[PDB]
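Quick heads-up: it's one chain on its own, the form deposited in one PDB entry, in structure tokens.
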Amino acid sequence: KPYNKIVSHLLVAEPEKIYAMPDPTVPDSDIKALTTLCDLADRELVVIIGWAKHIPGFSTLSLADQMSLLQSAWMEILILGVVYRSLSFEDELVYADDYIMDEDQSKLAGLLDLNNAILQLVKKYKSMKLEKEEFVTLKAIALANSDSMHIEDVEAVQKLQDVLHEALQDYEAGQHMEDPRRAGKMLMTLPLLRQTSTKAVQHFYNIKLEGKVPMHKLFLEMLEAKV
């Protein structure tokens, strides 16, 4: 009862920060902004795949089921990261330490509506005082609960959901006795995460189809996955 092992484990499994490194030789444009974001996402995806192996039971799934979960959840994981990094900021999104977007920049990149939705997620989590413990557990839950149409072992995936849900419940029962409904409140933030992710995916799929922004192999693979 010092607190949940799965939560502790997810905390130590947390990947190091990644830099966006916008090209200082390129003039600022919508194409620059979007090229930078997609490049950053491609590198994050590598780290996410590595991170997932630390989740209890994930590496025991078939490679196919592992990839199905990742192909469904990837954008929710990416978004939750930016959301968390942005918690101590106001009306700004911390994509990286060297890449913090305010309203004007979002307009320039054509991302005003998308970044406003992400800011809505930030707003909700701020008022809830989302902790790192909660963030890492929610990223794991979003992976397990990602609703892929293509799952082979449905029951094993449901088991993984249950293991991580239990970790959230246990953590909340021990750490937040003042609110016995905090775990459920955390789970009730997942629909807006799903909604914002669905919008981000279609948006960047549209950018992919327009052909003006170069994208790397892994990002494209994730983007080109079937719903």
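So that there is no doubt, residue numbering starts at 1 and follows the sequence shown. For clarity, a rigid core is taken as the largest C-alpha set superposing within 1.5 Å between two forms.
The same protein also has a form deposited in another entry, omitted here; what follows describes it.
Quick one: core overlaid, is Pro15 moving 2 Å or more at the Cα between this form and the one not shown?
Yes, the C-alpha position differs by at least 2 Å between this form and the one not shown.
Core-superposed comparison between this form and the one not shown, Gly211 Cα displacement 2 Å or beyond:
Shift at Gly211: below 2 Å after core fit.
Rigid core aligned, does the Cα position of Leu187 differ by 2 Å or more between this form and the one not shown?
No, the C-alpha moves less than 2 Å.
Given that the shift is 3 Å or more, do the Cα atoms of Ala13 and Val94 end up closer or farther apart in that other deposited form than in this form?
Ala13 and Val94 sit closer together in that other deposited form.
Since the C-alpha distance between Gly57 and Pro15 changes by 3 Å or more in that other deposited form, give its direction relative to the shown form: closer or farther.
Their C-alpha distance grows by at least 3 Å in that other deposited form.
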